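For reference, the structure is listed below as structure tokens.
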Amino acid sequence: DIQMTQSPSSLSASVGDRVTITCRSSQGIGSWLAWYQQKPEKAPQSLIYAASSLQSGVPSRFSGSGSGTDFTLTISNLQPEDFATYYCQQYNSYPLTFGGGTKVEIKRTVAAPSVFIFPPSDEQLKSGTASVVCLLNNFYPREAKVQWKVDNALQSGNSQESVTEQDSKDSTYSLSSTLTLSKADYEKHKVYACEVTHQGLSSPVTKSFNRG
Amino acid sequence: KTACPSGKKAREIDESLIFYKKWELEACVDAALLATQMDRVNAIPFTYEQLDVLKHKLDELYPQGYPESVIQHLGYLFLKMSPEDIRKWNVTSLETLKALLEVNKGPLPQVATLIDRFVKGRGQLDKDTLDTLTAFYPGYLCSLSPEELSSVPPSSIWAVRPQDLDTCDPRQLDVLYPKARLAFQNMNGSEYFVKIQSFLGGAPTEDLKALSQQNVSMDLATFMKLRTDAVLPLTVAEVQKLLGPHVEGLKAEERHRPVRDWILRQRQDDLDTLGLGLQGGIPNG
Amino acid sequence: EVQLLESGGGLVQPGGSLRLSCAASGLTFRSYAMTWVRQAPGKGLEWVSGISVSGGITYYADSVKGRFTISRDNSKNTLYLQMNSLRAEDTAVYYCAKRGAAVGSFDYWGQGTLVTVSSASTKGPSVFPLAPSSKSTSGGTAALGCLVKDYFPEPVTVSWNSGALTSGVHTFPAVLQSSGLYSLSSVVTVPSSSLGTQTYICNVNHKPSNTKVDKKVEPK
Ligand SMILES: *[C@@H]1O[C@H](CO)[C@@H](O)[C@H](O)[C@H]1NC(C)=O
Ligand SMILES: *[C@@H]1O[C@H](CO)[C@@H](O)[C@H](O)[C@H]1NC(C)=O
């Protein structure tokens, strides 16, 4: 087991930038290093073999260098197609190893979340379980905080959150909270409300609704 | 010839002399004064015509050679100095060489014959000699002859950069590799290679085989420089040991030069193991 | 024309068996070393095994030591991974990769086949509308969506008004309730004026269960 470790883990940069990613093997691996691009919901693609050599069909703005235990993928003049996860791999010795990856994000101004909320469909309530949603639309950066109060009783560990990959057009994130209750528990209470701290908003916004 | 008009008799090498005509300079300038006052003649904006007349003076004064003194401050007259004249100098200094070659920057038949006279005296082409020579004409070393290169002390090889060895043809690198292999055999591994790397143009098979065993990491560029004849009798093993991870790019040069011949001389059943998908060879058994 | 088409990937009960299959096309499969590389849902990349150009020598991760078996068949243009004693931890997308050389880098990867390893049965999804009756109060903008509860295994495809409506749509990545049932939701954000005039259906498709559904979303 040769330990590969990358730096950073996450990096936000704008287009037409010179971005430097680091890879550092625990042991000497001479020049048996590779670089792999992965854009979400797609397979990885080869960029660099032998620590330095370009794979074919790959832009030249991609420049690998290094040997021993220190390496550097450097993407000169960034494009939109280059915002992706980057993976360094050793093929010196078995077992073969990749690094953590490096999520390379687009950078931009902040943005306040547009915020909505959605009582349960009576279609759902027939079956039994009864589920309130809280949608945060386009915001920046990812760090928001949904927080469900029901009759001013903070609900903890009964809501699963979920966030989009940064948009292509607006280069911005969206979020969905999912407060799941029982039929009975939904019936029992009046005011529902997700309170939503984000950097973009000045004070924690709290959209609310009452049963019926 | 003629006597110098009244007053025009130059008692010093001043600025006035730029105004004297060809024939006035012939007559009025003492030859012996020119030699002792040679330091000044650089500054004085003479025409080429006017200098031809100052050259021919000193020629008279020293018809057997030229003191290093004169040679030092010879200035812009080096260009007018016919190769024949220079073939008989006692230069024997580095600063005068520098001096003469600085203006030579401003082939050149004179330049060649001069350098040959510095080494012809100095006895061997020393490190510091070749250091300053390449600081004016880097490709000097790869301009010389196969035979000529023998005289070079192996100690001098250290002074050579990779820069020099781009214009170098095989029949030259042949004579150069041995010497380097002696200059660089006080080293091993991550040390030895960096140094020896350029010269492998000369290197034969036997010497390449040894390198493999020392787990050297070569690139495809360096490989494409290796002697065709020296590549042929290497195993698929020894090729993949030299090239290490750079072997991946070898597919590309399939129909090139050093490796073209190598592939054919090898069995298909041998190549297949490289995972490259090269074709051409013997399908045996 | 280069295509590596992995298949055989499905749902399996823990300690179960499964054999994967990478179909090569547009290369000389005979003359290349392949490997298997897997990726945990929302984690990083991991090498699993690797076969030579011979079929002779086979390497594996200590993770899968003597539970997996890499095989190859140059005749049928196929690469195989037998997988026995599968645990929860072996759930991932498995990429079949082609090295550009024995002891080289993987230069071509497959689209990659998903293996889920759970006791949970194949459940087709319940679908539910998110009516925008009080998201229109946003002013100029009105968010509406539908919601995909109690489904297994991954994945589901959700498009809106039959792939036609595309702009301002967010199909969120699925979570997975205490139930061990994945749960998704998709929304789309549209002008308030259109509501009623323009009808909105979301089209769920869950290939695992054969369950596909068209559901309409309307305020009042
Ligand atoms: C050059 O130096 C040698 C060695 O002393 C001497 O014999 C010879 O006369 C010199 N030649 C000239 C032209 O001065
Ligand atoms: C070369 O690498 C091999 C492993 O293949 C090992 O014997 C040792 O690390 C190296 N040997 C020499 C002589 O450098």
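Those protein sequence lines, which keep their order, are chains L, M and H. Counting in the deposited numbering, the first sequence runs from 1 upward without gaps. Throughout the second sequence, residue numbering follows the deposited numbering, covering 299 to 404, 415 to 593 in sequence. Counting in the deposited numbering, the third sequence runs from 1 upward without gaps. Beta carbons: idealized from backbone N, C-alpha and C, even for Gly.
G66 of chain L: member of the beta strand (DSSP E) spanning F62 to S67, first to last residue. Take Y95 of chain H, set aside five residues on each side of it, and the residues of its chain with a beta-carbon closer than 6 Å to its own are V37, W109, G110 and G112, in chain order. One Cα belongs to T137 of chain H, the other to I117 of chain L, and the distance between them is close to 11 Å. Distance check between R563 of chain M and each of M:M532, M:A518 and M:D577 places M:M532 closest, using alpha-carbon atoms only. The beta carbon of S380 of chain M sits no closer than 9 Å to any beta carbon of chain L.
In the three-state scheme derived from DSSP, where H, G and I count as helix and E and B as strand, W32 of chain L is classed as coil.
For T141 of chain H, the C-beta contacts it makes with chain L under 8 Å involve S114, in order along the chain. In the three-state DSSP reduction, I21 of chain L falls in the strand class (E or B). If you draw a straight line from the Cα of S65 of chain L to the Cα of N77 of chain L, it is about 17 Å long.
Short note on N494 of chain M: C-beta not closer than 8 Å to any heavy atom of ligand 1. For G57 of chain L, the closest Cβ of chain M is not nearer than 9 Å. By the Cβ rule, the segment 143-152 of chain H does not count as touching the segment 47-65 of chain H, because fewer than three pairs are nearer than 8 Å. Only residues of its own chain outside the window of five on either side were considered, and among them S17 and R67 have a CB closer than 7 Å to the CB of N84 of chain H, listed in chain order. Residues of the segment 440-471 of chain M that bring their beta carbon within less than 8 Å of a beta carbon in chain H are absent altogether.
Below 8 Å, too few C-beta pairs join the segment 52-66 of chain L and the segment 107-123 of chain L to call them touching: fewer than three. An exposed status is given to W321 of chain M, since fewer than 16 other beta-carbon atoms sit within 10 Å of its beta-carbon. Residue M:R338 holds the alpha-carbon nearest to the alpha-carbon of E310 of chain M among M:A325, M:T300, M:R338 and M:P303.
Sorted by position in the chain, M:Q362, M:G363, M:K386 and M:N388 make up the residues whose C-beta lies under 7 Å from a heavy atom of ligand 1.
Minimum Cα-Cα distance from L356 of chain M among the listed residues M:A341, M:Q335 and M:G404 corresponds to M:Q335. A check of alpha carbon separations from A164 of chain H across H:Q3, H:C202 and H:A174 identifies H:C202 as the nearest. Using a CB distance below 7 Å, no part of the segment 187-204 of chain L faces chain M. In this structure, DSSP gives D577 of chain M a helical state, which the three-state scheme calls helix. Within a 10 Å sphere around the beta-carbon of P80 of chain L sit fewer than 16 other beta-carbons, which makes this residue exposed. In the DSSP assignment, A325 of chain M forms no beta bridge with any residue. Annotation: Cβ neighbours of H554 of chain M in chain L (cutoff 8 Å, chain order): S31, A50 and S53.
For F68 of chain H, the uninterrupted beta strand (DSSP E) segment begins and ends at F68 to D73. When secondary structure is reduced to three states using DSSP, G373 of chain M falls in the helix class. In the DSSP assignment, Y346 of chain M falls outside any beta strand (DSSP E) and lies within the alpha helix (DSSP H) extending over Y346 to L359.
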